[PDB]
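J.: all I have is the shape, not the residue letters:
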């Protein structure tokens, strides 16, 4: 999870666009 | 769920590096 | 994305609790 | 990201079930 900010900050923003 | 490749590519490829 | 509502609806709520 | 191992150790396996 050292990588987690980098992974998640894409997906939660893409989520807000997608409407999952 | 139209977004559910595109969002996931932006984590699963980073997971591959991170080792979450 | 058969799995999407099972992945996302956990993880975005877990995010809401975490602060990733 | 304190939540992130316990999030994604589900979600990566749910991805491996889905095929996202």
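T.: Ah, there it is. Numbering: from 1, shown residues only, chains lettered A, B, ... in the order given.

J.: the strand or helix carrying residue A:11: how far from the chain's middle?
T.: Element membership for residue A:11 (DSSP states H and E) is helix A:4-18. On the basis of Cα atoms, centre = their mean, to the nearest Å, helix A:4-18 sits 1 Å off its chain's mean C-alpha point.

J.: hmm, who's touching it?
T.: B:1-4, B:6-8, B:10-11, B:14-15, B:18, B:20, C:8, C:11-12, C:15, C:20, D:1, D:4 (Cβ atoms under 8 Å, 6 or more residues apart in numbering or on different chains). In short, each C-beta sits where N, CA and C put it, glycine included.

J.: quick check on those residues: which are buried?
T.: Among those, those classed as buried by 16 or more other Cβ atoms under 10 Å in any protein chain shown are B:3-4, B:7-8, B:10-11, B:14-15, B:18, B:20, C:8, C:11-12, C:15, C:20, D:1, D:4.

J.: run the chain-centre distance for stretch A:11-20.
T.: When distances are taken as Cα atoms, centre = their mean, stretch A:11-20 is centred 7 Å away from the chain's centroid.

J.: what do you get for stretch A:3-11?
T.: The answer for stretch A:3-11 is 5 Å, by Cα atoms, centre = their mean.

J.: what do you get for stretch A:2-18?
T.: 1 Å.

J.: one step back: helix C:4-18 and the helix holding residue A:11, what's the angle between them?
T.: Using axes from the mean of the first three to the mean of the last three Cα atoms, to 10 degrees, the inter-axis angle of helix A:4-18 relative to helix C:4-18 is 120 degrees.

J.: from chain D, how far off is residue A:10?
T.: 14 Å (Cβ to the nearest Cβ, to the nearest Å).

J.: typo on my end, it should be residue A:15
T.: The gap separating residue A:15 from chain D is 13 Å, by Cβ to the nearest Cβ.

J.: which non-adjacent residue is nearest residue A:2?
T.: residue B:18 (6.3 Å; Cβ to Cβ, 6 or more residues apart in numbering or on different chains).
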